[PDB]
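Colleague: This one is structure29.cif, mmCIF, C-alpha atoms.
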data_work
#
loop_
_atom_site.label_atom_id
_atom_site.label_comp_id
_atom_site.auth_asym_id
_atom_site.auth_seq_id
_atom_site.Cartn_x
_atom_site.Cartn_y
_atom_site.Cartn_z
CA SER A 1 50.34 75.71 -14.79
CA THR A 2 52.79 76.26 -17.64
CA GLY A 3 56.38 77.38 -18.10
CA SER A 4 58.28 78.89 -21.02
CA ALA A 5 62.03 79.54 -21.21
CA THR A 6 64.40 80.55 -23.94
CA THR A 7 67.27 78.19 -24.75
CA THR A 8 70.43 79.63 -26.30
CA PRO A 9 73.34 77.95 -28.14
CA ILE A 10 76.56 77.99 -26.11
CA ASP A 11 78.72 78.70 -29.17
CA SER A 12 78.66 79.38 -32.90
CA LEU A 13 78.36 75.66 -33.75
CA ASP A 14 75.29 74.92 -31.60
CA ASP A 15 77.40 72.43 -29.62
CA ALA A 16 74.78 72.56 -26.84
CA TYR A 17 72.00 74.81 -25.54
CA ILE A 18 71.65 76.49 -22.13
CA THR A 19 68.42 77.49 -20.44
CA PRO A 20 68.25 79.68 -17.30
CA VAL A 21 66.91 77.92 -14.20
CA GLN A 22 66.09 79.51 -10.84
CA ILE A 23 67.16 77.44 -7.80
CA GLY A 24 66.61 78.28 -4.15
CA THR A 25 65.32 81.21 -2.12
CA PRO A 26 66.35 83.87 -2.99
CA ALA A 27 66.71 82.58 -6.50
CA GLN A 28 70.10 81.55 -7.76
CA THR A 29 70.00 81.48 -11.56
CA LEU A 30 72.14 78.84 -13.28
CA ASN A 31 72.32 78.09 -16.99
CA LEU A 32 71.62 74.39 -17.44
CA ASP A 33 71.81 71.98 -20.36
CA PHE A 34 68.32 70.48 -20.70
CA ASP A 35 68.96 66.84 -21.55
CA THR A 36 66.18 64.51 -22.71
CA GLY A 37 68.78 61.70 -22.66
CA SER A 38 69.37 61.70 -18.88
CA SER A 39 67.40 62.11 -15.70
CA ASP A 40 69.57 63.95 -13.14
CA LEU A 41 69.36 67.66 -12.35
CA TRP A 42 72.89 68.42 -11.18
CA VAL A 43 74.76 71.67 -10.70
CA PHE A 44 78.17 73.12 -10.09
CA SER A 45 78.09 74.18 -6.47
CA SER A 46 79.90 75.57 -3.46
CA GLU A 47 80.84 71.92 -2.80
CA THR A 48 82.56 71.33 -6.16
CA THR A 49 86.32 70.75 -5.88
CA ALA A 50 87.70 74.23 -6.45
CA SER A 51 90.26 73.18 -9.08
CA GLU A 52 87.37 71.75 -11.15
CA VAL A 53 85.43 75.04 -11.35
CA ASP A 54 86.54 77.43 -14.14
CA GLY A 55 84.02 80.20 -14.75
CA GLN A 56 80.74 78.40 -14.07
CA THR A 57 78.05 79.86 -11.86
CA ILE A 58 77.64 77.80 -8.70
CA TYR A 59 74.70 76.91 -6.50
CA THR A 60 75.37 77.59 -2.82
CA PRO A 61 72.75 75.70 -0.77
CA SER A 62 73.75 77.39 2.47
CA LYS A 63 72.46 80.67 1.01
CA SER A 64 69.02 79.21 0.18
CA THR A 65 66.45 79.28 2.96
CA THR A 66 64.49 76.48 1.24
CA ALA A 67 67.44 74.10 0.70
CA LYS A 68 67.46 70.90 2.75
CA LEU A 69 70.14 68.22 2.65
CA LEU A 70 68.67 64.91 1.48
CA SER A 71 70.38 62.90 4.18
CA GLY A 72 72.50 60.01 2.98
CA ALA A 73 71.77 60.57 -0.70
CA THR A 74 74.57 60.50 -3.28
CA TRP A 75 74.70 60.51 -7.05
CA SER A 76 77.20 59.57 -9.74
CA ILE A 77 76.71 59.67 -13.49
CA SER A 78 78.66 58.87 -16.67
CA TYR A 79 77.57 60.13 -20.07
CA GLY A 80 77.94 58.60 -23.53
CA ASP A 81 80.79 61.01 -24.29
CA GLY A 82 82.90 59.75 -21.38
CA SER A 83 82.24 62.69 -19.07
CA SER A 84 81.05 62.23 -15.49
CA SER A 85 80.12 63.97 -12.24
CA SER A 86 79.10 63.01 -8.71
CA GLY A 87 78.17 64.49 -5.36
CA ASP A 88 75.42 64.79 -2.76
CA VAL A 89 71.80 65.95 -2.88
CA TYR A 90 69.61 68.77 -1.63
CA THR A 91 65.94 69.41 -2.15
CA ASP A 92 65.04 72.98 -3.06
CA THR A 93 62.66 75.11 -5.08
CA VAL A 94 63.36 75.06 -8.81
CA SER A 95 61.64 77.22 -11.41
CA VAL A 96 61.89 77.14 -15.20
CA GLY A 97 60.30 79.90 -17.21
CA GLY A 98 57.71 80.69 -14.51
CA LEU A 99 56.90 77.06 -13.62
CA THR A 100 57.85 76.18 -10.04
CA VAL A 101 58.50 72.80 -8.39
CA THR A 102 59.05 72.61 -4.64
CA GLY A 103 61.13 69.83 -3.17
CA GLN A 104 63.05 69.15 -6.38
CA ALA A 105 66.17 67.05 -5.97
CA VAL A 106 69.11 69.32 -6.79
CA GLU A 107 72.20 67.19 -7.16
CA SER A 108 75.23 69.12 -5.98
CA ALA A 109 78.50 68.21 -7.69
CA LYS A 110 81.50 67.45 -5.52
CA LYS A 111 83.48 66.25 -8.56
CA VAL A 112 83.13 66.87 -12.29
CA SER A 113 85.22 65.55 -15.16
CA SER A 114 87.51 67.75 -17.20
CA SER A 115 85.11 68.36 -20.07
CA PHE A 116 82.59 69.97 -17.69
CA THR A 117 85.30 72.11 -16.09
CA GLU A 118 86.49 73.19 -19.54
CA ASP A 119 83.02 74.37 -20.61
CA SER A 120 82.49 77.62 -18.70
CA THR A 121 79.04 78.14 -20.23
CA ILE A 122 77.24 75.11 -18.75
CA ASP A 123 76.48 75.29 -15.01
CA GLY A 124 74.93 71.82 -14.87
CA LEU A 125 72.34 69.58 -16.50
CA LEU A 126 68.56 69.27 -16.14
CA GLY A 127 67.52 65.78 -17.12
CA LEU A 128 64.25 65.18 -18.97
CA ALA A 129 64.40 61.46 -19.71
CA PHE A 130 62.39 59.08 -17.54
CA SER A 131 62.98 59.07 -13.81
CA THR A 132 63.93 55.39 -13.88
CA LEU A 133 67.39 56.55 -15.08
CA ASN A 134 67.95 58.90 -12.13
CA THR A 135 71.19 57.98 -10.36
CA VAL A 136 70.42 59.12 -6.80
CA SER A 137 71.07 56.42 -4.22
CA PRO A 138 69.67 54.91 -2.06
CA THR A 139 66.37 56.65 -2.94
CA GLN A 140 65.97 57.43 -6.63
CA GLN A 141 64.62 60.92 -7.32
CA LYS A 142 62.18 62.31 -9.88
CA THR A 143 62.96 64.65 -12.75
CA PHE A 144 61.71 68.24 -12.84
CA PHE A 145 59.13 67.28 -15.49
CA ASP A 146 57.93 64.31 -13.45
CA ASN A 147 57.49 66.49 -10.38
CA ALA A 148 55.65 69.22 -12.32
CA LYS A 149 53.51 66.95 -14.51
CA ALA A 150 50.40 66.71 -12.33
CA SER A 151 50.25 70.53 -12.06
CA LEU A 152 50.72 71.22 -15.78
CA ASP A 153 47.76 72.14 -17.97
CA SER A 154 48.77 69.25 -20.24
CA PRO A 155 51.42 66.61 -19.31
CA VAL A 156 53.88 67.65 -22.01
CA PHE A 157 56.98 69.63 -22.72
CA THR A 158 58.24 70.82 -26.09
CA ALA A 159 61.70 71.44 -27.53
CA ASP A 160 62.11 74.11 -30.23
CA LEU A 161 65.86 74.39 -30.73
CA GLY A 162 67.22 77.07 -33.02
CA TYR A 163 69.84 76.80 -35.76
CA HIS A 164 72.51 79.34 -34.80
CA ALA A 165 69.76 81.13 -32.89
CA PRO A 166 67.79 80.96 -29.64
CA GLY A 167 64.82 78.68 -29.21
CA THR A 168 62.30 77.66 -26.57
CA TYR A 169 61.43 74.96 -24.07
CA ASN A 170 57.77 75.02 -23.07
CA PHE A 171 56.15 73.03 -20.25
CA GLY A 172 52.48 72.21 -20.10
CA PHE A 173 51.24 73.53 -23.44
CA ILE A 174 51.79 73.26 -27.20
CA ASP A 175 52.40 76.62 -28.91
CA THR A 176 50.44 76.20 -32.12
CA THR A 177 52.18 79.27 -33.60
CA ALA A 178 55.61 77.62 -33.32
CA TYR A 179 55.33 75.07 -36.14
CA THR A 180 53.93 74.62 -39.64
CA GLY A 181 51.56 71.94 -40.77
CA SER A 182 50.48 69.31 -38.25
CA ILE A 183 52.30 67.43 -35.51
CA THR A 184 52.86 63.74 -36.29
CA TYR A 185 52.90 61.57 -33.20
CA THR A 186 54.81 58.30 -32.94
CA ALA A 187 55.08 55.58 -30.31
CA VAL A 188 57.67 55.63 -27.52
CA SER A 189 59.30 52.78 -25.64
CA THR A 190 60.35 53.68 -22.10
CA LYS A 191 62.01 50.29 -21.48
CA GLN A 192 65.52 51.82 -21.53
CA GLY A 193 64.44 55.01 -19.78
CA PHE A 194 64.75 57.13 -22.94
CA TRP A 195 62.38 58.87 -25.35
CA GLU A 196 62.93 55.93 -27.69
CA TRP A 197 61.06 55.80 -30.99
CA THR A 198 61.29 54.32 -34.51
CA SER A 199 61.86 56.51 -37.55
CA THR A 200 60.30 55.21 -40.76
CA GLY A 201 63.32 55.91 -43.00
CA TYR A 202 65.47 58.57 -44.64
CA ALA A 203 66.46 60.42 -47.79
CA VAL A 204 69.72 62.10 -48.80
CA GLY A 205 69.30 65.43 -50.56
CA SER A 206 66.79 65.19 -53.40
CA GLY A 207 67.11 61.40 -53.46
CA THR A 208 64.31 58.92 -53.08
CA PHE A 209 63.08 58.06 -49.62
CA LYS A 210 64.24 54.71 -48.22
CA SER A 211 61.63 53.05 -46.05
CA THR A 212 63.45 51.37 -43.18
CA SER A 213 62.89 51.28 -39.43
CA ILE A 214 65.50 53.15 -37.38
CA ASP A 215 65.12 52.80 -33.60
CA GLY A 216 66.67 55.68 -31.72
CA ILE A 217 66.34 58.24 -28.96
CA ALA A 218 65.31 61.88 -29.02
CA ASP A 219 68.22 63.39 -27.08
CA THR A 220 68.55 67.14 -26.66
CA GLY A 221 71.78 66.57 -24.72
CA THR A 222 73.65 65.09 -27.70
CA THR A 223 74.97 67.51 -30.35
CA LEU A 224 74.99 65.34 -33.47
CA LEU A 225 72.83 62.82 -35.32
CA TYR A 226 74.12 59.25 -34.82
CA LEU A 227 72.69 56.67 -37.22
CA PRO A 228 73.54 53.18 -38.58
CA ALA A 229 76.73 52.97 -40.61
CA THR A 230 74.82 52.09 -43.80
CA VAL A 231 72.75 55.28 -43.56
CA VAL A 232 75.72 57.50 -42.72
CA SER A 233 77.78 56.06 -45.59
CA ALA A 234 74.94 56.74 -48.03
CA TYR A 235 74.83 60.35 -46.84
CA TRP A 236 78.54 61.12 -47.01
CA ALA A 237 78.96 59.37 -50.37
CA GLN A 238 77.07 62.36 -51.79
CA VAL A 239 79.78 64.81 -50.59
CA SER A 240 82.89 64.96 -52.76
CA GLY A 241 85.98 64.34 -50.66
CA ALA A 242 84.16 63.18 -47.53
CA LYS A 243 85.73 60.30 -45.64
CA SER A 244 85.66 58.58 -42.27
CA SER A 245 88.82 59.47 -40.34
CA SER A 246 89.88 57.18 -37.50
CA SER A 247 92.34 59.81 -36.26
CA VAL A 248 89.69 62.52 -36.06
CA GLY A 249 86.95 60.18 -34.82
CA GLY A 250 84.33 60.31 -37.55
CA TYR A 251 83.33 61.60 -40.94
CA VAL A 252 85.08 64.75 -42.15
CA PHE A 253 84.52 66.66 -45.37
CA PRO A 254 86.12 69.55 -47.26
CA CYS A 255 85.04 72.82 -45.69
CA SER A 256 84.51 74.11 -49.26
CA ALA A 257 81.61 71.68 -49.81
CA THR A 258 77.92 72.49 -49.90
CA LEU A 259 76.20 69.71 -47.98
CA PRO A 260 72.99 67.98 -49.04
CA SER A 261 70.00 67.90 -46.76
CA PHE A 262 68.99 64.81 -44.82
CA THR A 263 65.38 63.77 -44.38
CA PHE A 264 64.07 61.44 -41.67
CA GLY A 265 60.66 59.83 -41.44
CA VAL A 266 58.15 60.22 -38.63
CA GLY A 267 55.32 57.92 -39.61
CA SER A 268 54.16 59.13 -43.01
CA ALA A 269 55.60 62.62 -42.33
CA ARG A 270 59.09 63.90 -43.19
CA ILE A 271 61.48 66.21 -41.36
CA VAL A 272 64.14 67.85 -43.52
CA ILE A 273 67.51 68.75 -41.97
CA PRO A 274 69.10 71.44 -44.19
CA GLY A 275 72.63 70.72 -45.31
CA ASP A 276 74.05 73.69 -43.40
CA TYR A 277 72.88 72.11 -40.11
CA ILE A 278 75.29 69.21 -40.71
CA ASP A 279 78.43 71.43 -40.87
CA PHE A 280 80.33 71.47 -37.55
CA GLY A 281 83.26 73.45 -38.85
CA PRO A 282 87.00 72.93 -38.96
CA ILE A 283 88.32 69.94 -37.06
CA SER A 284 90.95 72.28 -35.59
CA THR A 285 91.34 76.02 -35.86
CA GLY A 286 92.28 77.01 -39.39
CA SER A 287 91.87 73.55 -40.92
CA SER A 288 90.09 73.08 -44.24
CA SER A 289 88.76 69.71 -43.05
CA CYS A 290 85.33 70.10 -41.46
CA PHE A 291 83.56 67.77 -39.04
CA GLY A 292 80.29 66.17 -40.09
CA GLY A 293 77.06 66.46 -38.12
CA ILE A 294 75.86 62.99 -39.11
CA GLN A 295 77.99 60.21 -37.66
CA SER A 296 77.84 56.46 -37.23
CA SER A 297 76.21 54.98 -34.14
CA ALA A 298 78.00 51.66 -34.63
CA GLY A 299 80.23 52.20 -31.58
CA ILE A 300 77.41 53.47 -29.32
CA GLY A 301 74.83 50.69 -29.21
CA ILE A 302 71.92 53.04 -29.90
CA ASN A 303 70.93 55.54 -32.58
CA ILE A 304 70.71 59.12 -31.31
CA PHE A 305 68.47 61.82 -32.78
CA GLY A 306 70.49 64.65 -31.26
CA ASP A 307 70.31 68.40 -31.72
CA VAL A 308 71.21 68.24 -35.44
CA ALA A 309 67.95 66.40 -36.05
CA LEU A 310 65.77 67.89 -33.32
CA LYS A 311 66.52 71.51 -34.20
CA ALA A 312 64.94 70.92 -37.64
CA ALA A 313 61.63 70.22 -35.90
CA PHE A 314 59.19 71.28 -33.25
CA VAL A 315 59.27 68.31 -30.88
CA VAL A 316 56.58 67.32 -28.37
CA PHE A 317 57.60 65.11 -25.45
CA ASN A 318 54.17 63.81 -24.40
CA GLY A 319 54.25 62.45 -20.85
CA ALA A 320 50.71 61.13 -20.84
CA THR A 321 50.10 57.76 -19.20
CA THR A 322 51.33 56.20 -22.45
CA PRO A 323 54.13 58.55 -23.56
CA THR A 324 54.54 59.51 -27.21
CA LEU A 325 56.69 61.86 -29.27
CA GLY A 326 55.42 64.41 -31.78
CA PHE A 327 57.34 66.07 -34.61
CA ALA A 328 56.34 69.01 -36.79
CA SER A 329 58.20 71.03 -39.37
CA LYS A 330 58.73 74.70 -38.54
#
Any chance you could give the structure as C-alpha cells?
Modeller:
Amino acid sequence: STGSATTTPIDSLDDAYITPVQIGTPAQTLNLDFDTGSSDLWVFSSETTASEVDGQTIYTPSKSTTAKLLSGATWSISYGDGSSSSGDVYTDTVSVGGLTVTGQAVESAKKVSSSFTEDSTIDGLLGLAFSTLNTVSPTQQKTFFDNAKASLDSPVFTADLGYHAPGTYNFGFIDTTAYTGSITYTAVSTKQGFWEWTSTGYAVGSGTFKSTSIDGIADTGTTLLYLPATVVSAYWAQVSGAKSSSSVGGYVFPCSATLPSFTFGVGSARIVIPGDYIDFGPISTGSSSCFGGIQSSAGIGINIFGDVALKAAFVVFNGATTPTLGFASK
C-alpha cells in the first residue's frame, strides 16, 4: 500500500504545516501537524475542556462506529516550546492520503495548553518519531507509520515541505519526480527516539564550506533551524545590523536586509537554504526588526533541523530495520 497527502502552511510565515487526516467511521477529517520529533497522535475532541477549544475541528469518538475506548490508558506530553496536552485514548481507523490503519491509538485531549488553544488551524498532532517516545500509559502505543509499515510497498515516508506553498507527505514510496539529482542517505541513531543524524558541516552564503560534525534531529514539528552558537554567530555576522536580543528571544535583523543562504552538509552532498527562507518577519506587527530563522540551540540540548532546513530538501525517513535518512535537492 501507499498514501499521499498534501501538507499546507498554516500561515504566511510557514510557522507549521497541516495535513488532512481521516479518523473514524464515518470519517471525521482533522488537520494535523505531522511531527517527526514526537510520537503521539493526539486530537482536539469532544472531551477537550470547552474553554480550551477556539475554532479547532474536534474528534467525537461517540459518533464513530469503529472507536473503542482503550481502557485505563492515559497520555500526557510536553513539547520543547513549553506547550502540553493530555487526555485519554481510543483506538479507531485512521487514514492519511488513502493509506488506512485500523486500531490506531487516537489520543483524545482533555486538556491543552494555551498555545494550542490559540492556534485555530491545528486540530492535533500526528507523531512520526520512533514509538519508544509515545507517552501512552500504562501500555505504550505505536505511531501511525509504525502500524502501517508492514503493509507499505517500501517501509518509508517522505517529507516535501513547500516554501510559502503546499507540499506533500508520501507513505510507502519515493516519488522520483519530486527531487533533482540523487538522494544522499546518512546514518540515524534511534537512541533518543528521534530521527537523529550528523551533518557534515555548513557554509554561509558564497563562503567556503566548513567541515564539522553537527549532530541533530530532523523535526518537521519545529519551525526553525537550531544550531550551535558558533555556527549561528557565523551566519548572522554576515547580516548588517543583526544581533541576538535577549528580550525578543533570539537573533533579529533589519527587515530591510537581504539574507545570505545557508548550506548544510549531508555526507558529501550539500543542501542550500535560500536566504528568503530564513526571514520570519517582523517581531511584532509593524516593526522593522525581523526574526531570524536560524537560532542557537545552546539552551535546548540538541540541534534541530526544523522546517527551515527540511523545506529546502526532499527528505526520506527510511524505516527499514536499520533506519536512515535521505536528503535530495529539489
Colleague: Please list, as a list in words, the residues that have an atom at most 6 Å away from (67.8, 62.3, -19.7) in the coordinates of this file, counting all atoms listed in the file.
Modeller: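 Here the neighbourhood of the point contains residues 35, 36, 37, 38, 39, 127, 128 and 129 of chain A.
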Colleague: On this structure, the PyMOL selection byres ((chain A and resi 262) around 12) would catch which residues? List them as a ChimeraX atom specification, sorted by chain and number.
Modeller: /A:201-210,225,227,231-232,234-236,238,259-261,263-265,270-278,293-294,308-309,312
Colleague: Just write the chosen residues, C-alpha atoms, as a PDB file, in the coordinates of the input.
Modeller:
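And here's part.pdb as it stands now:
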ATOM      1  CA  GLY A 201      63.320  55.910 -43.000  1.00  0.00           C
ATOM      2  CA  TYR A 202      65.470  58.570 -44.640  1.00  0.00           C
ATOM      3  CA  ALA A 203      66.460  60.420 -47.790  1.00  0.00           C
ATOM      4  CA  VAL A 204      69.720  62.100 -48.800  1.00  0.00           C
ATOM      5  CA  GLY A 205      69.300  65.430 -50.560  1.00  0.00           C
ATOM      6  CA  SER A 206      66.790  65.190 -53.400  1.00  0.00           C
ATOM      7  CA  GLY A 207      67.110  61.400 -53.460  1.00  0.00           C
ATOM      8  CA  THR A 208      64.310  58.920 -53.080  1.00  0.00           C
ATOM      9  CA  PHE A 209      63.080  58.060 -49.620  1.00  0.00           C
ATOM     10  CA  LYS A 210      64.240  54.710 -48.220  1.00  0.00           C
ATOM     11  CA  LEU A 225      72.830  62.820 -35.320  1.00  0.00           C
ATOM     12  CA  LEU A 227      72.690  56.670 -37.220  1.00  0.00           C
ATOM     13  CA  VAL A 231      72.750  55.280 -43.560  1.00  0.00           C
ATOM     14  CA  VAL A 232      75.720  57.500 -42.720  1.00  0.00           C
ATOM     15  CA  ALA A 234      74.940  56.740 -48.030  1.00  0.00           C
ATOM     16  CA  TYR A 235      74.830  60.350 -46.840  1.00  0.00           C
ATOM     17  CA  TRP A 236      78.540  61.120 -47.010  1.00  0.00           C
ATOM     18  CA  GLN A 238      77.070  62.360 -51.790  1.00  0.00           C
ATOM     19  CA  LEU A 259      76.200  69.710 -47.980  1.00  0.00           C
ATOM     20  CA  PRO A 260      72.990  67.980 -49.040  1.00  0.00           C
ATOM     21  CA  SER A 261      70.000  67.900 -46.760  1.00  0.00           C
ATOM     22  CA  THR A 263      65.380  63.770 -44.380  1.00  0.00           C
ATOM     23  CA  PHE A 264      64.070  61.440 -41.670  1.00  0.00           C
ATOM     24  CA  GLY A 265      60.660  59.830 -41.440  1.00  0.00           C
ATOM     25  CA  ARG A 270      59.090  63.900 -43.190  1.00  0.00           C
ATOM     26  CA  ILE A 271      61.480  66.210 -41.360  1.00  0.00           C
ATOM     27  CA  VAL A 272      64.140  67.850 -43.520  1.00  0.00           C
ATOM     28  CA  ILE A 273      67.510  68.750 -41.970  1.00  0.00           C
ATOM     29  CA  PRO A 274      69.100  71.440 -44.190  1.00  0.00           C
ATOM     30  CA  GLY A 275      72.630  70.720 -45.310  1.00  0.00           C
ATOM     31  CA  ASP A 276      74.050  73.690 -43.400  1.00  0.00           C
ATOM     32  CA  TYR A 277      72.880  72.110 -40.110  1.00  0.00           C
ATOM     33  CA  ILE A 278      75.290  69.210 -40.710  1.00  0.00           C
ATOM     34  CA  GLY A 293      77.060  66.460 -38.120  1.00  0.00           C
ATOM     35  CA  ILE A 294      75.860  62.990 -39.110  1.00  0.00           C
ATOM     36  CA  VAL A 308      71.210  68.240 -35.440  1.00  0.00           C
ATOM     37  CA  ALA A 309      67.950  66.400 -36.050  1.00  0.00           C
ATOM     38  CA  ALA A 312      64.940  70.920 -37.640  1.00  0.00           C
TER      39      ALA A 312
END
Colleague: Please enumerate the residues selected by the PyMOL selection byres ((chain A and resi 182) around 10) when evaluated against the supplied file, formatted as a list in words.
Modeller: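 Output of the PyMOL selection byres ((chain A and resi 182) around 10): residues 176, 179, 180, 181, 183, 184, 185, 269, 326, 327, 328, 329 and 330 of chain A.
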Colleague: Could you save the residues just selected, with C-alpha atoms, as a tab-separated table (two decimals), in the coordinates of the input?
Modeller:
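So out.tsv came out as:
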chain	number	residue	atom	x	y	z
A	176	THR	CA	50.44	76.20	-32.12
A	179	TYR	CA	55.33	75.07	-36.14
A	180	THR	CA	53.93	74.62	-39.64
A	181	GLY	CA	51.56	71.94	-40.77
A	183	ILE	CA	52.30	67.43	-35.51
A	184	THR	CA	52.86	63.74	-36.29
A	185	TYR	CA	52.90	61.57	-33.20
A	269	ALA	CA	55.60	62.62	-42.33
A	326	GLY	CA	55.42	64.41	-31.78
A	327	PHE	CA	57.34	66.07	-34.61
A	328	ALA	CA	56.34	69.01	-36.79
A	329	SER	CA	58.20	71.03	-39.37
A	330	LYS	CA	58.73	74.70	-38.54
Colleague: So which one's closest to residue 291 in chain A, A:141, A:40, A:132, A:13? Using only C-alpha atoms, please.
Modeller: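 Going through A:141, A:40, A:132, A:13 one by one, the smallest distance to residue 291 in chain A is for A:13.
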Colleague: I'd like to see the residues matched by the PyMOL selection byres ((chain A and resi 169) around 6) on this file, and ideally I'd get them as a PyMOL selection string.
Modeller: chain A and resi 4-5+158-159+168+170
Colleague: Please build the interface table for range 168-257 of chain A against range 15-27 of chain A with a cut-off of 8 Å, listing for each qualifying residue the nearest atom pair and the distance in Å to one decimal; count only C-alpha atoms, order rows by chain and increasing number, and write it as CSV.
Modeller:
residue,atom,partner,partner_atom,distance
A:221,CA,A:16,CA,7.0
A:222,CA,A:16,CA,7.6
A:223,CA,A:15,CA,5.5
Colleague: Using all atoms listed in the file, find the one residue out of A:251, A:42, A:197, A:226 that sits nearest to residue 136 in chain A.
Modeller: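 Among A:251, A:42, A:197, A:226, it is A:42 that comes nearest to residue 136 in chain A.
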Colleague: Need to verify the contact set: range 142-145 of chain A, 9 Å, all atoms listed in the file, exclusion of same-chain residues closer than 5 positions in sequence. Can you return it as a short mmCIF file (atom, residue, chain, number, x, y, z; two decimals) with C-alpha atoms, in the frame of the given file?
Modeller:
data_model
loop_
_atom_site.label_atom_id
_atom_site.label_comp_id
_atom_site.auth_asym_id
_atom_site.auth_seq_id
_atom_site.Cartn_x
_atom_site.Cartn_y
_atom_site.Cartn_z
CA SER A 39 67.40 62.11 -15.70
CA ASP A 40 69.57 63.95 -13.14
CA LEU A 41 69.36 67.66 -12.35
CA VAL A 94 63.36 75.06 -8.81
CA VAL A 101 58.50 72.80 -8.39
CA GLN A 104 63.05 69.15 -6.38
CA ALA A 105 66.17 67.05 -5.97
CA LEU A 126 68.56 69.27 -16.14
CA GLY A 127 67.52 65.78 -17.12
CA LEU A 128 64.25 65.18 -18.97
CA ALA A 129 64.40 61.46 -19.71
CA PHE A 130 62.39 59.08 -17.54
CA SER A 131 62.98 59.07 -13.81
CA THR A 132 63.93 55.39 -13.88
CA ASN A 134 67.95 58.90 -12.13
CA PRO A 155 51.42 66.61 -19.31
CA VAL A 156 53.88 67.65 -22.01
CA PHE A 157 56.98 69.63 -22.72
CA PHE A 171 56.15 73.03 -20.25
CA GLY A 319 54.25 62.45 -20.85
#
Colleague: Please identify all polymer residues within 6 Å of residue 217 in chain A, counting all atoms listed in the file, omitting same-chain residues fewer than 6 positions from it, and present them as number ranges by chain.
Modeller: A: 195-196, 304-305
Colleague: Extract, using all atoms listed in the file, all DNA, RNA and protein residues at most 7 Å from residue 213 in chain A, discarding same-chain residues fewer than 6 positions from it, and format them as a PyMOL selection string.
Modeller: chain A and resi 198-201
Colleague: If I take CA of residue 186 in chain A and CA of residue 172 in chain A, how far is one from the other in Å, to one decimal?
Modeller: 19.1 Å
